[PDB]
Every structure is written in structure tokens, then in C-alpha cells.
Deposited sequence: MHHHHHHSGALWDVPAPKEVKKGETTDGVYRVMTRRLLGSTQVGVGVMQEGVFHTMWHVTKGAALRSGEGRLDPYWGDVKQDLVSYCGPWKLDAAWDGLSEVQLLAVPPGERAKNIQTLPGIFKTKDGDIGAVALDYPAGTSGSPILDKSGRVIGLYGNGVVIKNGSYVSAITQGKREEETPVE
């Protein structure tokens, strides 16, 4: 239940990453496809999901609400399989869409890093990593609920 970044594992294989905040687990929909998750001897049940945002939350509604300011560098807190968590600082590019601009990070880490949080200078999660496009360099949207 503790706040922090978590590996999402399966039986072991790391399939993604998520953020625990205010007792709610946040990850990307394509990581879990909405399945229940084990946390020690407890079960986390899906609570809200949206395939178009590629997001899912467990045990409560989506809690993460910071957003990129459009100017500053951010940090991807990548949790690659078999490696310790590491911070990668970058300046986001931009996904320009019909419904506005979305920040995007041109960082390409293993697929089990999907769901790793992107942080602003204040340490707040502004989105999750792992849904994006190939320009083959991958560019991930900064996906925020």
C-alpha cells in the first residue's frame, strides 16, 4: 500500500511498472489488461480503466493529476526489468493532436518499463511512459489521466 513505483510481475517476468499513490495503484491498460493484481497476500481489484487513454487504476479512482508545464525538463523514473530504478532527465517533445498538445519523451527502454512514471521538478507524477509512436526511435506520450 506504500507510496512509490512498483514492478508489475507475472508467473517471473516483468510486464510493466506502476505508481502507488494515496492507496491507488496506477498503471497502463496494456500492461495488465485490467486483471486483478496480488500485493503480498492481498488482492488489488481494478476500479477504473480506459483503453483509449491506455490507463487503469486499482482500489480507487485515478489520483495523479500533475501535468507538464511545457518548458521544463522532466525525469523518466524508468524501472527496467532486472535493473534498479533510475532517473533519466530529458526535455519533452510534443505530440500535436486535433485536441491539443501532449508532451512526449523520446526515450526507448524495454517493454517491461511500460507504466514507469514521468516526474516534474517537484517530484510529482505528470504521466506514465509506454504508449506512443515510432518515428526506429520510439517516442512515448506523457500519458496522464
property: Unmodelled ranges, which are counted on the deposited sequence from position 1 and given in order; result: 1 to 24, 36 to 39, 164 to 165, 176 to 184
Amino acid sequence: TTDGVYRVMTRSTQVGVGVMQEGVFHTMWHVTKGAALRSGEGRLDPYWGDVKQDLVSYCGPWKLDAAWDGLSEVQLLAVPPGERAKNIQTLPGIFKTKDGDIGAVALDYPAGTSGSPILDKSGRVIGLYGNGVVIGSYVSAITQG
From here on, numbers count along this sequence of modelled residues.
{"query": "Of 17 to 25 and 119 to 127, the stretch whose C-alpha atoms average the higher B-factor in the entry", "finding": "119 to 127"}
{"query": "Mean C-alpha B-factor comparison - 35 to 43 and 103 to 111, higher one", "finding": "35 to 43"}
{"query": "Third assignment of residue 51 from its chain's C-alpha B-factors", "finding": "middle"}
{"query": "Residue 92 CA temperature factor, ranked by third within the chain", "finding": "lowest"}
